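One structure below.
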Number of protein chains: 2
Amino acid sequence: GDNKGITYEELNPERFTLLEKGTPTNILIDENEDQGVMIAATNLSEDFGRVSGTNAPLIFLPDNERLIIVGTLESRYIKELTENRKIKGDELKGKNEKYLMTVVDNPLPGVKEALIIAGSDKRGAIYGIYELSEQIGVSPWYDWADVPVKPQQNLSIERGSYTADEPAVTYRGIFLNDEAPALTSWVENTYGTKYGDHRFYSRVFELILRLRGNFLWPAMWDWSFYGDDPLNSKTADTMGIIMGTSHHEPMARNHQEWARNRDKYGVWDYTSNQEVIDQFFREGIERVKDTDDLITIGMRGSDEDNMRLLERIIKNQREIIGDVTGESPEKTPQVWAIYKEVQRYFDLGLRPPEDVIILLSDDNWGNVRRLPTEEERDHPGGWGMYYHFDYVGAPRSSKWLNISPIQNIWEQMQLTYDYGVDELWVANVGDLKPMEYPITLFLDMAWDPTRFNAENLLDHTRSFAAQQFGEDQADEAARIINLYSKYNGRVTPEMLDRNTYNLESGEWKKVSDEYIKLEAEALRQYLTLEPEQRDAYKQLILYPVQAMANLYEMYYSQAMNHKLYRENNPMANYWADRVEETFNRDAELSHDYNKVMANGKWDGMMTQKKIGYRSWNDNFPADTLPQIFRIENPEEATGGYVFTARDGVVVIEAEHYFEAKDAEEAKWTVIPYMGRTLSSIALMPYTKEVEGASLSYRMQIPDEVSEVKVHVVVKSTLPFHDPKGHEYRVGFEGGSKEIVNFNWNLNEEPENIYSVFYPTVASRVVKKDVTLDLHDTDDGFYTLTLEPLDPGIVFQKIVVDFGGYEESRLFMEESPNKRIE
Amino acid sequence: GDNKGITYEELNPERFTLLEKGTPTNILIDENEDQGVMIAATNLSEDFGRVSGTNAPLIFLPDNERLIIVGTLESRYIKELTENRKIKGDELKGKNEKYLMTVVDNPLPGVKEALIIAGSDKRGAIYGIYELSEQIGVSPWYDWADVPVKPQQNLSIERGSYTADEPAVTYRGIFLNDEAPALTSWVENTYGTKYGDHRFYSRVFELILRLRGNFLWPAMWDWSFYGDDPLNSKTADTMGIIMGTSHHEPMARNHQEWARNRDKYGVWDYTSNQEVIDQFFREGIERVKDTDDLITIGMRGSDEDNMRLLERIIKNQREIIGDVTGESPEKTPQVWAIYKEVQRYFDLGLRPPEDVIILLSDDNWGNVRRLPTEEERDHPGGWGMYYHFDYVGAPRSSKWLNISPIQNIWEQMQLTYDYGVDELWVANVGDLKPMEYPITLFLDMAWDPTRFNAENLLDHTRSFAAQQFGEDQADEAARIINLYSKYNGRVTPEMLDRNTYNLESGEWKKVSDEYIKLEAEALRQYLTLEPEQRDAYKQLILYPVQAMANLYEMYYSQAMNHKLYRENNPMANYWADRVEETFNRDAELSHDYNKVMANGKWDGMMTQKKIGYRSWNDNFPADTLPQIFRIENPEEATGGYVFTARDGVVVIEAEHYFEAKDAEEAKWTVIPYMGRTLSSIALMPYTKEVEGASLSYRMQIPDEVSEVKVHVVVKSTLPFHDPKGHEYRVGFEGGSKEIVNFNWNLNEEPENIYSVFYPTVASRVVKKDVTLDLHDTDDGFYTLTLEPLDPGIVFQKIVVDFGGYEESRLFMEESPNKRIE
Ligand SMILES: [Ca+2]
Ligand SMILES: [Ca+2]
Ligand SMILES: [Ca+2]
Ligand SMILES: [Ca+2]
Ligand SMILES: [Ca+2]
Ligand SMILES: [Ca+2]
């Protein structure tokens, strides 16, 4: 985490041994230490168990000659080292959330050598403990993304003095929100509770602390953090998480505490229900009195009368705080949120009391609305920013996957920090998963925005990947995380549909093929992993990539189906099938995530519907098959194709004729897939005469064109029946025709054998061209005919060329066309 | 194989039980049966072992009341059933290679019920036995492609009478050729022999017989089938394989028998060394006297004197055959090959004796050169066709993978059969692997070409896939086999290079992305397989697909590297890296095939070099890295980009400026990957004034253009500093400029909030356009400048539009450009 390259997998005299032949060195702690530090030290002890197979013993007396000595500045053992100048206590005293990690010789009598982890306060000590956890190899995501722990037999750590200094943002954390159906289902499946209890939140707290955050807004759609379980707040307070509430939840009451008793409580109008709402406020403050939770103040129900009533609500709330806490209101931390109604009041002069944090919000889509000017930056209480990775509302909700590329988060948050907003940073994380990477980035940036610039963003992603998957996997894993996040930034999954990208220009095909290419790369990486890494890889990379590449292909296929159905081309049916198959594959992938991956550990987390949005909300029953169209009796829907020119050319796959007239006995037969592109078409069988047979093609050409060059691509058939060679006649109906002999020189005569013969047969095709004058027509429509004059001619592709011809192995993209009857 | 849907996985009173609760029914055979039939029956007995865990007992007396009774028409038990009209003996007597498979009640006294497998001759009986093998689920490829056998506890087979009738081609088989280094290395690794001995060939024979072929040309570059091991011919003769030799190996002597003693033997000129060469011929015929091998006749060293000497050689060879065999020469089967020199002699009238098969050849690339006319079809000896899946020679060798799509094989071989060529079909198969599928198709077609037409080719591929991988895998496995074979038909791997496909038109990207998409589909299928199917899938599908998709991407990357290096664009370095990585991946894939897959069983088979061809032959040391180019000091090779218009537009990724002038303090900073396409560029940090800063772009426009529409795409930044909004100035240097305010209406005012505000911020970008008159310039070069007037403007993309603009999510493909200094 903080300090890279200081822990080694083998021992050394000038390094400090953390683990030797499977035996961990013991951890010394003051048995009366802050309990949250003790919990973290117990987690560290188990972290040594995950590494080596045996927990590091947690002792209360220096029984041993080598020790890991942990604690706060005021615990008995740490206090003794600072007093004896064995540790630079000045670097910690008065500092916020800071640790000092260093090896010292003879720290205590009877102890020869120790690693010291001293915190300026309880969170500083917890953070230093979790730094050691990451050194020995336990990712913050070891539980919440199943990131396995590499087993070890020996670990040593370099001497030196290490710290993360102080955090740059005072309160750094997350907001569980948009939490139904995913997080709520997962909690009910895991804990049996239709609410979040202290078991669930304890698990959330440990993750936030390991990530070095300190702050949480709890889930509140249909839950109440404070009311549902009395141990919720007690656990948060003990463990070291600062709790808060969102914008319109004043005075440490969760919204649902009012809603669940809306009939008993009244109006929520401060003018009529004033003493009912005052008592509401008071009870809340009483619940939190000796915790350090952040208190939202204010309220949302003429302009000057509104500004006055809000002024009264606030100073009323602050006398209630004074009353309950028994000390002046500024001794309790407070936050006041700017929303639309009160944004006007602010610009007219309205400010909270100056010790109060003023919380700003982004636009629900990751862009900051408003930042302090140089005159407003003065505000002694400072400023907050609320940022979205997930949103329910306009113009359409995004509830499914990560949509927040790393560049976007950084670009707006670096602006936020440079304008002086550094008291509170809190991110809407949805159900938490699958926002694991943007959460890590956002908290790391809140710790020290200074270490992030444009040139080094991806270094962060790389270190993240090396932590989750090992050095040897990190470059490629980070590349894929960065690139899929970028793709998801182009358009949310919920707003992606058949019309998002340009079909005719090739843009749709490009972005669909490129997402599938990303999937192929993720699959190759997946196959190189050890089995114990697969679930973490699926959660962090493979499922978002596979689900998005499948979703892109579904809508790309739908647009392809609609285009071909309009054109009356039976190929629409193939694309209808692909829409069905990909749509079902979406259900297969999320079934795997919920039920099979990690033995169903995350069942519930991936139940959000995403296919079938018609408005902004997800109030449709389930994932729904995108509408598709089918051509009845397709194998009889042939011929009748008419082409329009495009870019100085008409390019024609040979089976898309207008009409075909057969021979006596021999019939035009298309050979599916044959040749370089669509197919081949030939008179079958090769034993009958071809007299009178023909293929004809209908095409529109701009009347400005007076002569064309016709290219005809056929299979490199050799002259098996007659060494004169095969000929066919080619020309426009009512105009000039020429006869082409395409293989007279495909033989082993000395002048042919290597100059032409072996070159064209190894290529498998023959291209010939004639130049034909274009006679005048009233409508611009022409009929090109192909009359074979020998048996066995396999026609494949035609291009009539009047400027736009491009040399190419496939003979160019087919021009626009339609089918008739 | 022959009869589908007649074997069931559970028992039934009206079906015949082959396997019951793990116990197989016994196989009755005449203990004095033809030994090759006995070997096949022993293989059938072991096939029941692979299915159920216990071999079917092979007995010589009807000890049991239910039996599988097998044998030739003249074996004692079969002979008794035909005599008692229990079997329709008339349907078999006189017939060639035909079996009858049918359930009969009370076949023999003491036997209540039996499945009878009666052959018209030894191969007919062997074929009927192997039909039952496929019914119970043992693929012909169970050994040669590790196709696993589904375990069973119960099998029953429907009553009825089943046959494959008689084969349509008399001799059907393969030619091991181009066999070094792959097949030779695999044989040395597996058998320790620098030659093919009877252990190796016995394994080849069993495969050919299970595939229902009967013919082999043995490996002969540096081996001698007849001379290297005396059991080679004896095993072929016993087992039932007809042996032959290639065109210029007359009289059952392999070429190397002459070459290894070229100093002792002389000239190989029938005029000078006549009695030395006569004795050569005689010894050969003596070796084969009572086998049924096919004898090549003729010889290759004025025109009328040549036709006379060849006439003399032939009738000389035929008196030698008469002498050795003691019977007239026509009682020994003979074949005479047409090659170039003697093609003239044929058209002047020269024919072999009329009992001799006249062997024709394709062009070494799968196209038939010459077929009999209606007058020549008369030839009583009939005709052969030699067909290539592999070739060493012009214009360049193809030695690595399958290059023969199913459509091409069928289209030429159906022609071959319809013109009366049906005595000998033999395919050059290289090292045999990896031609497994075209071999199966080619032999199946030789058996009965009648059942193949254009509409049903892929049904064959589907049945093949269902046999190797199960019903549930068959559609998808066949789809991939068909599509990769088609791709390999476009250009051989050896002739593919950076120049094969069109780069500028998008064709190269298309075919590279589509091969990778095929790989992604193969990988998804691979993950659904049972572990015991993985090696067969890798051999038949995953390795050819992965190796080709990697090879395509390597050369596509090389062409991309060369284009960007020419343009002096540092992005060439990324593509240089991809060439290196893909080139090494080619070595990783074949290492896996040789050393890891199937525990190294096939080590040697995939050692052919394929990257580095400069001429027709593979006489370079090893796979060699394609040449790539790198730009030194790349992160300082920025700016200086000049664009040329294309298709009525100039499309510009914002970081490709010509020059950038910074502000006081704030500097132009590109944010890699940010936005929808290449990147974003912005003045950093957002706290300093932007006065005087600019980005300028140089572009050439046709002088016919008099006004343009300029689109500028920026990030949807909101007016955080000033609700007036952000502005930038945009215009041409020396011409008109306009000022754009791009976010004045991005707010929650009632007229903005849902009409524009939430729509554009959810899209993350803002596009604005101005219309600017185009002033005259002598050279057609223009400079467009972008001057930001507020902090925090994130520029992303520009398009100057004069006709060619297309609405698109990515704002079109960047126009041609170069970098300067
Ligand atoms: Ca969600
Ligand atoms: Ca501050
Ligand atoms: Ca679903
Ligand atoms: Ca080979
Ligand atoms: Ca015949
Ligand atoms: Ca190699």
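Just so we're on the same page: first chain in the structure tokens is A, next is B, and so on; residues restart at 1 for each chain, and ligands are numbered from 1 in the order they show up.
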
With the cut-off set at 6 Å and counting only C-alpha atoms, tabulate each residue of chain A with an atom at most that distance from an atom of chain B, showing the nearest atom pair and its distance in Å to one decimal, ordered by chain and increasing number, as CSV.
residue,atom,partner,partner_atom,distance
A:365,CA,B:762,CA,5.9
A:369,CA,B:720,CA,5.3
A:370,CA,B:720,CA,3.9
A:371,CA,B:720,CA,5.4
A:395,CA,B:758,CA,5.5
A:407,CA,B:674,CA,5.6
A:454,CA,B:671,CA,5.2
A:490,CA,B:676,CA,5.6
A:501,CA,B:809,CA,5.4
A:502,CA,B:808,CA,5.2
A:520,CA,B:520,CA,4.6
A:671,CA,B:454,CA,5.2
A:674,CA,B:407,CA,5.6
A:676,CA,B:490,CA,5.6
A:718,CA,B:369,CA,5.8
A:720,CA,B:370,CA,3.9
A:758,CA,B:395,CA,5.5
A:759,CA,B:395,CA,5.8
A:762,CA,B:365,CA,5.9
A:808,CA,B:502,CA,5.2
A:809,CA,B:501,CA,5.4

Would you output that residue set with C-alpha atoms, as a tab-separated table (two decimals), in the first residue's frame?
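What landed in part_21.tsv:
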chain	number	residue	atom	x	y	z
A	365	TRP	CA	-22.81	12.21	-13.38
A	369	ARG	CA	-21.49	21.96	-10.36
A	370	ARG	CA	-19.97	24.77	-8.30
A	371	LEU	CA	-16.76	25.39	-6.40
A	395	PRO	CA	-31.92	11.11	-17.85
A	407	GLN	CA	-9.34	9.75	-15.96
A	454	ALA	CA	-1.98	13.05	-15.83
A	490	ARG	CA	-18.82	6.34	-23.81
A	501	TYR	CA	-23.50	4.03	-32.72
A	502	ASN	CA	-23.40	4.65	-36.48
A	520	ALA	CA	-10.47	-12.43	-25.83
A	671	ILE	CA	-22.18	-22.64	-52.47
A	674	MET	CA	-17.16	-20.43	-50.63
A	676	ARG	CA	-13.08	-15.01	-49.84
A	718	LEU	CA	-8.15	-24.49	-64.49
A	720	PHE	CA	-9.82	-29.13	-67.34
A	758	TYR	CA	1.37	-20.78	-59.38
A	759	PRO	CA	0.77	-17.22	-58.06
A	762	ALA	CA	-2.15	-20.34	-54.58
A	808	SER	CA	-7.87	-5.13	-51.54
A	809	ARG	CA	-7.75	-8.82	-50.68

With only C-alpha atoms and all ligand atoms counted, collect every polymer residue having an atom within 7 Å of ligand 5; state the result as a list in words.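 My answer, listing the contacting residues, is residues 382, 420, 421, 422 and 423 of chain B.
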
Please save C-alpha atoms of the selected residues as a PDB file, in the first residue's frame.
ATOM      1  CA  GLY B 382     -10.237 -46.063 -65.021  1.00  0.00           C
ATOM      2  CA  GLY B 420     -15.747 -40.534 -64.208  1.00  0.00           C
ATOM      3  CA  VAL B 421     -12.620 -40.472 -62.009  1.00  0.00           C
ATOM      4  CA  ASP B 422     -13.358 -43.103 -59.319  1.00  0.00           C
ATOM      5  CA  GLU B 423     -10.626 -45.748 -59.166  1.00  0.00           C
TER       6      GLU B 423
END

Around ligand 6, which protein and nucleic acid residues have at least one atom no more than 8 Å from it, if we count only C-alpha atoms and all ligand atoms? List them as a count of residues only. 10

Quick one: everything within 7 Å of residue A:156, counting only C-alpha atoms, minus sequence neighbours fewer than 4 positions away in the same chain. Send it as a VMD selection string. chain A and resid 7 to 11 15 to 19

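All residues in stretch 137-235 of chain A with a DSSP state of strand (DSSP E or B), computed from the backbone, read residues 155, 156, 157, 158, 161, 162, 171, 172, 173, 174, 175, 215, 216 and 217 of chain A.
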
For atom CA of residue A:4 and atom CA of residue A:27, quote the distance in Å rounded to one decimal.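 Separation of atom CA of residue A:4 and atom CA of residue A:27: 22.2 Å.
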
Which residues of chain B sit at most 10 Å from ligand 4, using only C-alpha atoms and all ligand atoms? Give each one's shortest atom pair and distance in Å (one decimal place), in chain and ascending residue order, as a Markdown table.
| residue | atom | partner | partner_atom_place_in_ligand_line | distance |
| --- | --- | --- | --- | --- |
| B:176 | CA | ligand 4 | 1 (Ca) | 10.0 |
| B:177 | CA | ligand 4 | 1 (Ca) | 8.5 |
| B:178 | CA | ligand 4 | 1 (Ca) | 6.5 |
| B:179 | CA | ligand 4 | 1 (Ca) | 6.5 |
| B:180 | CA | ligand 4 | 1 (Ca) | 7.6 |
| B:181 | CA | ligand 4 | 1 (Ca) | 7.8 |
| B:182 | CA | ligand 4 | 1 (Ca) | 6.0 |
| B:183 | CA | ligand 4 | 1 (Ca) | 7.6 |
| B:389 | CA | ligand 4 | 1 (Ca) | 10.0 |
| B:390 | CA | ligand 4 | 1 (Ca) | 7.4 |
| B:391 | CA | ligand 4 | 1 (Ca) | 9.1 |
| B:392 | CA | ligand 4 | 1 (Ca) | 9.9 |
| B:398 | CA | ligand 4 | 1 (Ca) | 7.8 |
| B:399 | CA | ligand 4 | 1 (Ca) | 4.1 |
| B:400 | CA | ligand 4 | 1 (Ca) | 4.5 |
| B:401 | CA | ligand 4 | 1 (Ca) | 6.8 |
| B:402 | CA | ligand 4 | 1 (Ca) | 9.1 |
| B:429 | CA | ligand 4 | 1 (Ca) | 8.5 |
| B:430 | CA | ligand 4 | 1 (Ca) | 5.3 |
| B:431 | CA | ligand 4 | 1 (Ca) | 5.3 |
| B:432 | CA | ligand 4 | 1 (Ca) | 8.0 |
| B:433 | CA | ligand 4 | 1 (Ca) | 7.6 |
| B:434 | CA | ligand 4 | 1 (Ca) | 7.8 |
| B:435 | CA | ligand 4 | 1 (Ca) | 9.2 |
| B:605 | CA | ligand 4 | 1 (Ca) | 7.6 |
| B:606 | CA | ligand 4 | 1 (Ca) | 7.5 |
| B:607 | CA | ligand 4 | 1 (Ca) | 8.2 |
| B:608 | CA | ligand 4 | 1 (Ca) | 6.1 |
| B:609 | CA | ligand 4 | 1 (Ca) | 9.2 |

Mind checking which residues fall within 10 Å of stretch 285-298 of chain B, counting only C-alpha atoms, ignoring those fewer than 6 positions away in the same chain, and posting them as a PyMOL selection string? chain B and resi 171+215-217+226-227+230+233-234+236-238+240-253+310-318+320-326+332-338+352+356-357+359

Would you return as a ChimeraX atom specification the members of stretch 225-344 of chain B that DSSP assigns to alpha helix (DSSP H) on this structure's backbone? /B:225-228,230-239,255-259,262-265,274-287,303-325,340-344

Keeping only C-alpha atoms, take the residues you just selected and write them out as a PDB file, in the first residue's frame.
ATOM      1  CA  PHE B 225       8.323 -48.209 -46.246  1.00  0.00           C
ATOM      2  CA  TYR B 226       9.342 -51.540 -47.804  1.00  0.00           C
ATOM      3  CA  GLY B 227      13.059 -51.516 -46.960  1.00  0.00           C
ATOM      4  CA  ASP B 228      13.246 -50.025 -43.459  1.00  0.00           C
ATOM      5  CA  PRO B 230      10.151 -56.249 -43.115  1.00  0.00           C
ATOM      6  CA  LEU B 231       6.954 -56.167 -41.025  1.00  0.00           C
ATOM      7  CA  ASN B 232       5.717 -52.954 -42.677  1.00  0.00           C
ATOM      8  CA  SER B 233       4.302 -54.654 -45.758  1.00  0.00           C
ATOM      9  CA  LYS B 234       3.279 -57.768 -43.798  1.00  0.00           C
ATOM     10  CA  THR B 235       1.288 -55.662 -41.331  1.00  0.00           C
ATOM     11  CA  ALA B 236      -0.353 -53.625 -44.107  1.00  0.00           C
ATOM     12  CA  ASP B 237      -1.326 -56.830 -45.909  1.00  0.00           C
ATOM     13  CA  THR B 238      -2.620 -58.574 -42.768  1.00  0.00           C
ATOM     14  CA  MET B 239      -4.527 -55.551 -41.472  1.00  0.00           C
ATOM     15  CA  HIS B 255      12.693 -43.688 -54.073  1.00  0.00           C
ATOM     16  CA  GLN B 256      15.183 -43.725 -51.191  1.00  0.00           C
ATOM     17  CA  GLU B 257      16.146 -47.320 -51.988  1.00  0.00           C
ATOM     18  CA  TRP B 258      17.855 -45.897 -55.078  1.00  0.00           C
ATOM     19  CA  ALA B 259      19.124 -42.669 -53.481  1.00  0.00           C
ATOM     20  CA  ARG B 262      23.260 -43.861 -55.856  1.00  0.00           C
ATOM     21  CA  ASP B 263      26.985 -44.623 -56.148  1.00  0.00           C
ATOM     22  CA  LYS B 264      26.434 -48.385 -56.408  1.00  0.00           C
ATOM     23  CA  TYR B 265      23.385 -48.259 -58.692  1.00  0.00           C
ATOM     24  CA  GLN B 274      18.872 -51.172 -68.300  1.00  0.00           C
ATOM     25  CA  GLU B 275      19.649 -54.474 -66.600  1.00  0.00           C
ATOM     26  CA  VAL B 276      20.540 -52.797 -63.294  1.00  0.00           C
ATOM     27  CA  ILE B 277      17.152 -51.042 -63.316  1.00  0.00           C
ATOM     28  CA  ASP B 278      15.346 -54.190 -64.498  1.00  0.00           C
ATOM     29  CA  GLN B 279      16.705 -56.101 -61.488  1.00  0.00           C
ATOM     30  CA  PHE B 280      15.616 -53.168 -59.312  1.00  0.00           C
ATOM     31  CA  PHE B 281      12.079 -53.569 -60.674  1.00  0.00           C
ATOM     32  CA  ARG B 282      12.025 -57.363 -60.317  1.00  0.00           C
ATOM     33  CA  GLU B 283      13.051 -57.452 -56.640  1.00  0.00           C
ATOM     34  CA  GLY B 284      10.250 -55.014 -55.896  1.00  0.00           C
ATOM     35  CA  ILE B 285       7.512 -57.114 -57.494  1.00  0.00           C
ATOM     36  CA  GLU B 286       8.841 -60.192 -55.702  1.00  0.00           C
ATOM     37  CA  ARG B 287       8.388 -58.481 -52.324  1.00  0.00           C
ATOM     38  CA  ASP B 303       9.378 -36.743 -78.980  1.00  0.00           C
ATOM     39  CA  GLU B 304       8.738 -39.887 -81.041  1.00  0.00           C
ATOM     40  CA  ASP B 305      11.863 -41.534 -79.611  1.00  0.00           C
ATOM     41  CA  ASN B 306      10.716 -40.676 -76.086  1.00  0.00           C
ATOM     42  CA  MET B 307       7.242 -42.134 -76.642  1.00  0.00           C
ATOM     43  CA  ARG B 308       8.920 -45.294 -77.953  1.00  0.00           C
ATOM     44  CA  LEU B 309      11.344 -45.709 -75.035  1.00  0.00           C
ATOM     45  CA  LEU B 310       8.484 -45.260 -72.543  1.00  0.00           C
ATOM     46  CA  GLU B 311       6.419 -47.824 -74.456  1.00  0.00           C
ATOM     47  CA  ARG B 312       9.371 -50.228 -74.108  1.00  0.00           C
ATOM     48  CA  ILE B 313       9.890 -49.565 -70.394  1.00  0.00           C
ATOM     49  CA  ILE B 314       6.223 -50.338 -69.722  1.00  0.00           C
ATOM     50  CA  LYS B 315       5.908 -53.619 -71.570  1.00  0.00           C
ATOM     51  CA  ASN B 316       9.267 -54.570 -70.056  1.00  0.00           C
ATOM     52  CA  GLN B 317       7.865 -53.870 -66.574  1.00  0.00           C
ATOM     53  CA  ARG B 318       4.798 -55.955 -67.381  1.00  0.00           C
ATOM     54  CA  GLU B 319       6.830 -58.996 -68.441  1.00  0.00           C
ATOM     55  CA  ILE B 320       8.682 -58.718 -65.129  1.00  0.00           C
ATOM     56  CA  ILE B 321       5.331 -58.757 -63.312  1.00  0.00           C
ATOM     57  CA  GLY B 322       4.233 -61.783 -65.324  1.00  0.00           C
ATOM     58  CA  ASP B 323       7.513 -63.528 -64.516  1.00  0.00           C
ATOM     59  CA  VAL B 324       7.371 -62.922 -60.767  1.00  0.00           C
ATOM     60  CA  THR B 325       3.628 -63.404 -60.267  1.00  0.00           C
ATOM     61  CA  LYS B 340       4.135 -32.683 -67.614  1.00  0.00           C
ATOM     62  CA  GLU B 341       6.517 -34.457 -70.035  1.00  0.00           C
ATOM     63  CA  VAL B 342       4.072 -37.314 -70.645  1.00  0.00           C
ATOM     64  CA  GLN B 343       1.032 -35.038 -70.857  1.00  0.00           C
ATOM     65  CA  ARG B 344       2.055 -34.165 -74.413  1.00  0.00           C
TER      66      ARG B 344
END

Within 12 Å of residue B:526, counting only C-alpha atoms, which residues qualify if same-chain residues fewer than 4 places away don't, as an NGL selection string? (:A and (523-524 or 527)) or (:B and (469 or 473 or 476-477 or 480 or 519-522 or 530-543 or 545-546))

Name all residues at most 9 Å from stretch 688-697 of chain A (count only C-alpha atoms; drop same-chain ones fewer than 5 positions away) and give them as a ChimeraX atom specification. /A:640-643,652,654,656-668,683,733,782-791

Spatial neighbours of residue A:42, 10 Å, only C-alpha atoms, chain gap at least 5 places, as a ChimeraX atom specification: /A:27,36-37,47,55-58,129

Write a file of the just-selected residues containing C-alpha atoms, as a tab-separated table (two decimals), in the first residue's frame.
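Written out: selection23.tsv:
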chain	number	residue	atom	x	y	z
A	27	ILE	CA	2.62	-8.78	18.26
A	36	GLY	CA	-10.68	-0.52	17.70
A	37	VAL	CA	-6.89	-0.74	17.60
A	47	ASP	CA	-3.56	-11.93	8.44
A	55	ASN	CA	-1.78	-16.74	13.50
A	56	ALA	CA	0.77	-14.34	14.93
A	57	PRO	CA	0.38	-14.60	18.74
A	58	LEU	CA	-1.04	-11.42	20.25
A	129	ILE	CA	-1.39	-2.06	11.32

Separation of atom CA of residue B:301 from atom CA of residue B:266, in Å and rounded to one decimal: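 Those two atoms sit 12.6 Å apart.
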